[PDB]
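Descriptive structure summary
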Amino acid sequence: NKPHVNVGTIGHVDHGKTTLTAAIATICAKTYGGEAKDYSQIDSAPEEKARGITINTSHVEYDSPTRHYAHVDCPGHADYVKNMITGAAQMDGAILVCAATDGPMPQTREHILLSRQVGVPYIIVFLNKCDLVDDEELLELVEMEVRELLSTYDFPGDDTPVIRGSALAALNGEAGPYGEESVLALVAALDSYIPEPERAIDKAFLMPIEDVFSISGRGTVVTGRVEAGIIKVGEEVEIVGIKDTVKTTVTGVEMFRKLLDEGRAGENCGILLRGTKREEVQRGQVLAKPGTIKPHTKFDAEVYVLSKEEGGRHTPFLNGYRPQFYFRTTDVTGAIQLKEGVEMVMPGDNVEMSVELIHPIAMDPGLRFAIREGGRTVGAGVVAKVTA
Ligand SMILES: Nc1nc2c(ncn2[C@@H]2O[C@H](COP(=O)(O)OP(=O)(O)O)[C@@H](O)[C@H]2O)c(=O)[nH]1
Ligand SMILES: [Mg+2]
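We now turn to the structure provided with this report. Counting starts from 1 on each chain and follows the sequence as written, independent of the entry's numbering; residues without coordinates are not shown. In the order they appear in the text, chains get letters beginning with A and ligands get numbers beginning with 1. Side-chain measures were taken over the full set of non-hydrogen atoms in the model, leaving aside hydrogen atoms and water.

Moving on, we get to the nonpolar core. Note on terminology: a nonpolar core comprises buried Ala, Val, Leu, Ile, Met, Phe, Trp, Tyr and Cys residues joined through side-chain atoms within 4.5 Å. Throughout, exposure labels follow a simple rule: accessible area from a 1.4 Å probe, protein chains only, divided by the maximum for the residue type, with under 20% read as buried, over 50% as exposed, and the rest as partly exposed. Of all hydrophobic cores here, the largest spans 36 residues; its most connected members are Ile-123 and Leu-127. Among the secondary structure elements, those contributing two or more residues to this core are helix 3 (77–85), strand 6 (93–99), helix 4 (106–118), strand 7 (123–128), helix 5 (136–152) and strand 26 (376–386). Two domains each provide a minimum of three residues to this core, namely domain 1 (1–197) and domain 3 (295–387). Any two residues whose heavy atoms approach within 4.5 Å are treated as being in contact. In this structure, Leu-127 is in contact with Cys-98, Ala-100, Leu-139, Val-142, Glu-143, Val-162, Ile-163, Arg-164 and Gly-165, ignoring residues within four places of it in sequence. Among the nonpolar cores identified, the runner-up in size contains 27 residues, and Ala-22, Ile-42, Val-183 and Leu-186 belong to it. The secondary structure listing takes helices from DSSP runs of H or I that are at least 4 residues long and strands from runs of E that are at least 2 residues long, numbered from the N terminus. The domain limits used here are those given by an automatic or database domain assignment.

What follows is the structure in structure tokens.
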């Protein structure tokens with residue numbers, strides 16, 4: 001297994017996302033080996049349902065000389081919003097498709113802003129439909145506009161790879177600069193510009209607490225899934241969230257009928273904690289390497305509000321709405337502040353909001369959450385920025 005990289009095509013409708021996706025898959029198959037996909041196979045995106053939220057996504061796979069890519073393409077504007085806000089497709093990089101004829105358009109800007117909000121780490125640009133523009137100064141002008149638009153949202157527009165091509169020429173089997181060579185140039189940009197994502201085992205240790213036990217003859221044990229890093233018996237951990245942060249030592253690690261020396265990312269296990277009582281640990285707190293994650297009550301978020309068809313509200317909510325925010329394992333009530341001038345949010349919409357929780361939660365930007373009322377999911381969010 002070589003590097004596996006998650007990517008996707010973003011950009012305004014009709015700018016050439018599905019055509020480019022089909023061209024990449026077909027040309028990589030012909031060049032490096034794999035399966036070719038045509039336009040109709042990718043334009044028809046299957047439906048996959050998870051928590052009532054319906055997202056239509058097309059998934060294609062293709063190989064570079066050294067990597068295997070998983071690529072997502074979406075039919076509608078709402079599909080891209082839901083896919084990016086939730087953790088459905090965790091893109092390691094996004095391919096921004098922009099038509100050289102019309103230039104950046106409203107959904108071009110929204111998709112860059114969304115990528116910033118949800119934490120898309122890198123963006124590569126395919127400047128498409130260059131077969132329709134013969135003036136190279138006009139191509140330069142639109143490229144400059146795309147780079148500046150990227151920098152407006154804190155992406156490094158001056159260093160961004162911008163590949164000029166015609167996804168339709170490439171899919172049709174054309175040669176020349178805008179044909180197959182341009183799609184191979186884009187694949188070479190994916191290989192050179194997007195690093196392999198850091199392994200969970202290499203990150204700082206983090207384990208959300210799911211259950212707590214007072215075991216007679218042993219002491220206090222917390223159970224959960226290790227999300228990141230490694231914890232060894234004898235090392236210190238912080239208990240972060242809900243209550244003031246405290247620090248203790250791990251004195252044991254175990255799985256069912258298996259005593260362990262350490263707990264590793266992906267493992268579900270129990271952790272024995274020195275000098276701790278059951279009332280000091282609780283669900284919704286996390287164990288973490290000391291000093292690597294901080295509790296917060298205030299944060300900004302990007303939020304998709306479920307439509308009534310997805311089991312959400314069928315009425316708008318107002319500024320000052322106080323639902324529950326479900327973080328990892330538990331609900332915390334929080335008050336919502338909308339952008340200035342915004343008084344209500346419609347179901348089916350996505351908005352940027354500020355939140356103040358009634359108790360702190362350990363969080364970094366990129367943490368996903370659900371918004372619930374009465375235990376019914378009414379929204380999905382991602383922490384865009386922690387307020388301090
Ligand atoms: N002339 C030209 N047309 C293109 C190119 N790429 C896509 N198109 C056309 O633009 C229309 C929309 O393309 P599509 O891939 O469905 O755009 P999407 O909405 O972003 O997925 C289709 O009619 C394509 O054939 C190109 O490089 N040159
Ligand atoms: Mg499409």
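Here we come to a nonpolar patch on the surface. Exposure above 30% relative accessible area and the lack of any salt bridge qualify a residue for a patch; like charges then connect within 9 Å, and the nonpolar side chains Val, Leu, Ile, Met, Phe, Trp and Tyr within 5 Å. Surface accessibility in these figures is a Shrake-Rupley result with a 1.4 Å probe; residues are shielded only by whichever protein chains are displayed. Think of a salt bridge as a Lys or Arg side-chain nitrogen and an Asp or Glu carboxyl oxygen that are within 4 Å of each other. Side chains of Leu-138, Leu-141 and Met-144 sit close together on the surface and give an oily, nonpolar patch of about 260 Å² of accessible area. Mapped onto the secondary structure, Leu-141 falls in helix 5. Take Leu-141: its relative accessible area is 39%, and that puts it in the partly exposed class.

Right, let's talk about the site of ligand 1 for a bit. Lining the immediate surroundings of ligand 1 are 16 residues, of which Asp-14, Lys-17, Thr-19, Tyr-39 and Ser-166 lie closest. For ligand 1, an oxygen atom lies 3.1 Å from a polar atom in the backbone of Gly-16. Distance and chemistry together define a polar contact, namely a pair of N or O atoms within 3.5 Å, with one atom able to donate a hydrogen and the other to accept it when in protein, and with adjacent residues in sequence counting only for side-chain atoms on both sides. Take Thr-19: an N or O atom from its side chain is 2.7 Å from an oxygen atom of ligand 1. Burial of ligand 1 by the protein chains amounts to 78% of its free accessible area of 590 Å². Of all the secondary-structure elements, those providing two or more residues to the shell around ligand 1 are helix 1 (17–32) and helix 6 (167–171). If a single non-hydrogen atom of a residue is within 4 Å of a molecule or strand, that residue counts as near it.

Right, let's get into the packing of helix 1 against helix 7 (residues 180–193). Lines fitted to C-alpha atoms define the axes, with helix axes restricted to the stretch in contact, and inter-axis angles between N-to-C directions lie between 0 and 180 degrees. Helix 7 packs onto helix 1 with a crossing angle of 90° between their chain directions and a minimal axis gap of 10 Å. By the angle class used here, helix 1 and helix 7 are roughly perpendicular. Within the contact between the two elements, helix 1 uses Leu-20, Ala-23, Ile-24, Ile-27, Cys-28, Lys-30, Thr-31 and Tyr-32 and helix 7 uses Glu-180, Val-183, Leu-184, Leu-186 and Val-187. Of the residues in the contact of helix 1 with helix 7, the class split is 10 nonpolar, one polar and two charged. Any angle that is under 35 degrees is reported as roughly parallel, and any over 145 degrees as roughly antiparallel; angles of 65 to 115 degrees are reported as roughly perpendicular and all others as oblique. Amino acids are sorted into nonpolar (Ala, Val, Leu, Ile, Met, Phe, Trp, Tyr, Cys and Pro), charged (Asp, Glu, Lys and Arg) and polar (every other residue, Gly among them).

Given a helix with a known number of residues, its expected span is that number minus one, times 1.5 Å. If you check helix 1, its first and last C-alpha atoms are 22 Å apart, about what 16 residues at 1.5 Å a residue would give, namely 22 Å. With respect to burial, helix 1 is a largely interior element, 12 of its 16 residues being buried. When helix 1 is considered as a whole, its buried residues turn out to be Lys-17, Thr-18, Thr-19, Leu-20, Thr-21, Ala-22, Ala-23, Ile-24, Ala-25, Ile-27, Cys-28 and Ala-29. A positive backbone phi angle near 105° is found at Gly-33, which sits one or two residues after helix 1.

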